[PDB]
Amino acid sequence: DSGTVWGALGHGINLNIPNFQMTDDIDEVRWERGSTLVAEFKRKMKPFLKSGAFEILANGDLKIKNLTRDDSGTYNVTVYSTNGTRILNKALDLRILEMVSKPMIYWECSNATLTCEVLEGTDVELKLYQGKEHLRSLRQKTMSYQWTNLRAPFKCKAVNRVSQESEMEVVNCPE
(Lines of atoms letter the chains of each structure in order from A and count residues from 1; the text may use other names and numbers.)
(Lines give C-alpha, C1' and ligand atoms only; values in the text may rest on other atoms or scores of the structure.)
Protein backbone atom coordinates (compact mmCIF):
# COMPACT_ATOMS: atom_id res chain seq x y z
CA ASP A 1 0.00 0.00 0.00
CA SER A 2 1.21 3.68 -0.41
CA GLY A 3 2.97 5.98 2.16
CA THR A 4 4.75 9.34 1.56
CA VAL A 5 8.49 10.16 1.79
CA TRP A 6 10.06 13.66 1.37
CA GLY A 7 13.60 14.17 0.11
CA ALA A 8 15.87 17.14 -0.57
CA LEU A 9 17.08 17.84 -4.11
CA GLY A 10 20.73 16.98 -4.58
CA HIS A 11 20.81 14.94 -1.31
CA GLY A 12 20.33 11.25 -0.62
CA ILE A 13 17.36 9.41 0.74
CA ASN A 14 16.76 5.87 1.76
CA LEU A 15 13.45 4.29 0.77
CA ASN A 16 12.80 1.68 3.40
CA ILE A 17 10.55 -1.26 2.96
CA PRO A 18 7.52 -0.79 5.24
CA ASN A 19 6.98 -3.07 8.27
CA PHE A 20 9.48 -5.54 7.06
CA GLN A 21 12.30 -7.56 8.56
CA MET A 22 14.89 -9.20 6.31
CA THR A 23 15.66 -13.06 6.57
CA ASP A 24 17.52 -15.96 4.83
CA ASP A 25 14.31 -17.25 3.16
CA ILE A 26 13.90 -13.97 1.15
CA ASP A 27 15.03 -14.71 -2.39
CA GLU A 28 14.20 -11.42 -4.11
CA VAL A 29 13.23 -7.76 -3.66
CA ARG A 30 12.67 -5.41 -6.53
CA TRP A 31 12.06 -1.77 -6.81
CA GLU A 32 10.31 -0.15 -9.69
CA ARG A 33 9.68 3.59 -9.91
CA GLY A 34 6.49 3.85 -11.90
CA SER A 35 6.98 1.06 -14.41
CA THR A 36 10.74 1.08 -14.56
CA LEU A 37 12.89 -1.42 -12.69
CA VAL A 38 15.28 0.67 -10.76
CA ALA A 39 17.02 -2.04 -8.68
CA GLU A 40 16.58 -5.69 -7.93
CA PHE A 41 18.26 -7.73 -5.32
CA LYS A 42 18.28 -11.58 -5.73
CA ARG A 43 19.87 -13.43 -2.75
CA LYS A 44 22.80 -15.01 -4.64
CA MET A 45 23.88 -12.41 -7.17
CA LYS A 46 25.66 -9.05 -7.22
CA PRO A 47 22.52 -6.74 -7.58
CA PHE A 48 20.89 -5.20 -10.65
CA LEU A 49 21.04 -1.39 -10.39
CA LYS A 50 19.52 0.81 -13.23
CA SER A 51 22.53 3.12 -12.84
CA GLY A 52 25.15 4.28 -10.28
CA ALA A 53 22.36 6.51 -8.76
CA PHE A 54 20.80 3.70 -6.79
CA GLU A 55 22.16 1.11 -4.42
CA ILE A 56 20.26 -1.70 -2.80
CA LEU A 57 21.02 -2.07 0.88
CA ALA A 58 21.70 -5.12 2.98
CA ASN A 59 18.10 -5.11 4.28
CA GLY A 60 16.56 -4.46 0.89
CA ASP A 61 16.11 -0.63 1.22
CA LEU A 62 16.53 1.43 -1.91
CA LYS A 63 19.25 4.08 -1.36
CA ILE A 64 19.10 6.87 -3.96
CA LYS A 65 22.32 8.87 -3.82
CA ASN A 66 21.73 12.39 -5.13
CA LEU A 67 18.12 13.18 -5.82
CA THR A 68 17.03 14.55 -9.14
CA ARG A 69 13.64 15.80 -10.30
CA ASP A 70 13.25 12.60 -12.35
CA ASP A 71 13.42 10.53 -9.18
CA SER A 72 10.17 11.57 -7.70
CA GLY A 73 7.01 9.49 -8.16
CA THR A 74 5.44 6.31 -7.00
CA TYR A 75 7.95 3.58 -6.21
CA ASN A 76 6.88 -0.15 -5.80
CA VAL A 77 8.55 -2.87 -3.77
CA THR A 78 7.77 -6.51 -4.20
CA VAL A 79 9.67 -9.07 -2.22
CA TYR A 80 9.63 -12.86 -2.78
CA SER A 81 10.62 -15.87 -0.62
CA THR A 82 12.78 -18.79 -1.82
CA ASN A 83 9.79 -20.96 -2.63
CA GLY A 84 9.16 -18.08 -5.14
CA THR A 85 6.15 -16.62 -3.22
CA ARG A 86 5.33 -12.84 -3.20
CA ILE A 87 5.57 -11.88 0.50
CA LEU A 88 4.83 -8.20 0.01
CA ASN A 89 3.89 -5.59 -2.51
CA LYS A 90 3.97 -2.02 -1.17
CA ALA A 91 3.90 1.44 -2.78
CA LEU A 92 5.61 4.76 -1.63
CA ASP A 93 5.31 8.23 -2.85
CA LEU A 94 8.64 10.09 -3.15
CA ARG A 95 8.09 13.89 -3.25
CA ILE A 96 11.31 15.99 -3.39
CA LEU A 97 11.71 19.64 -2.18
CA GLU A 98 14.49 22.25 -2.21
CA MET A 99 16.21 23.27 0.98
CA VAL A 100 15.75 26.56 2.56
CA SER A 101 18.59 29.19 2.83
CA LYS A 102 19.16 31.42 5.99
CA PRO A 103 16.43 34.13 6.28
CA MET A 104 17.20 37.93 6.03
CA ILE A 105 15.59 40.28 8.51
CA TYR A 106 15.50 44.02 7.76
CA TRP A 107 13.25 46.85 9.05
CA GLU A 108 11.86 50.33 8.41
CA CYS A 109 11.63 52.57 11.40
CA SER A 110 9.19 55.20 9.92
CA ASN A 111 6.33 52.69 9.40
CA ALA A 112 7.70 50.44 12.24
CA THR A 113 7.64 47.44 9.89
CA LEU A 114 10.01 44.45 9.91
CA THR A 115 10.34 42.16 6.91
CA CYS A 116 11.75 38.66 6.93
CA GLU A 117 12.65 37.17 3.61
CA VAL A 118 14.31 34.00 2.27
CA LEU A 119 15.86 33.30 -1.14
CA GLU A 120 16.10 29.52 -1.34
CA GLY A 121 13.68 26.70 -0.88
CA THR A 122 10.29 25.24 -1.89
CA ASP A 123 7.00 24.94 0.15
CA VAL A 124 8.58 27.25 2.59
CA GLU A 125 6.83 28.51 5.70
CA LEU A 126 8.31 31.59 7.38
CA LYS A 127 7.76 31.87 11.17
CA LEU A 128 8.35 35.05 13.31
CA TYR A 129 8.92 35.10 17.04
CA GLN A 130 9.92 37.98 19.33
CA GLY A 131 11.36 36.69 22.61
CA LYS A 132 9.08 33.68 23.38
CA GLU A 133 5.88 34.68 21.64
CA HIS A 134 5.16 33.39 18.22
CA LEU A 135 4.11 36.46 16.25
CA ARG A 136 3.16 35.20 12.75
CA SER A 137 3.56 32.35 10.19
CA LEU A 138 3.04 32.45 6.44
CA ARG A 139 3.71 30.05 3.58
CA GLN A 140 5.50 32.79 1.62
CA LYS A 141 9.16 33.53 1.05
CA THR A 142 8.66 37.14 2.28
CA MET A 143 6.72 38.27 5.36
CA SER A 144 6.24 41.72 7.00
CA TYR A 145 5.03 42.46 10.51
CA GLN A 146 4.42 45.82 12.12
CA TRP A 147 5.88 45.72 15.71
CA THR A 148 4.43 46.90 19.03
CA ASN A 149 7.40 46.68 21.28
CA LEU A 150 11.12 46.25 20.95
CA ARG A 151 11.87 44.65 24.31
CA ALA A 152 13.34 41.51 22.72
CA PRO A 153 15.11 40.32 19.52
CA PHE A 154 13.15 38.99 16.62
CA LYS A 155 13.74 35.47 15.38
CA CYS A 156 12.67 34.43 11.85
CA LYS A 157 12.70 30.75 11.04
CA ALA A 158 12.33 29.43 7.53
CA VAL A 159 11.22 25.83 7.38
CA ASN A 160 9.93 23.10 5.06
CA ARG A 161 9.68 19.25 5.40
CA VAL A 162 13.23 18.80 4.59
CA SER A 163 15.08 21.81 6.18
CA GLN A 164 15.05 24.57 8.73
CA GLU A 165 17.25 27.66 9.12
CA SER A 166 16.84 30.70 11.45
CA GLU A 167 17.96 34.32 11.99
CA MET A 168 17.86 36.90 14.72
CA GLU A 169 18.14 40.73 14.62
CA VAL A 170 17.34 43.58 17.05
CA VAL A 171 15.53 46.44 15.48
CA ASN A 172 17.79 49.21 16.29
CA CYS A 173 16.13 52.50 15.29
CA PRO A 174 17.43 56.14 15.48
CA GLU A 175 15.28 57.69 18.27
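Numbers follow the displayed sequence, beginning with 1.
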Checklist entry - Should the higher mean CA B-factor in the entry be assigned to 50-58 or to 124-132? => result 50-58
Checklist outcome for this item: As the entry reports it, the stretch among 1-9 and 165-173 with higher mean C-alpha B factor is 1-9
Checklist entry - Between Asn149, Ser35, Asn66, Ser137, where does the Cα B-factor run highest in the record? => result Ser35
Checklist outcome for this item: Listed options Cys156, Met22, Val159, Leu15: highest C-alpha B factor recorded at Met22
Checklist outcome for this item: Entry-reported C-alpha B-factor of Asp27 relative to its chain, by third, is highest
Checklist entry - Would the CA B-factor of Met45 place it in the lowest, middle or highest third of its chain? => result highest
Checklist outcome for this item: Chain thirds by Cα B factor, record data; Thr74 belongs to the lowest
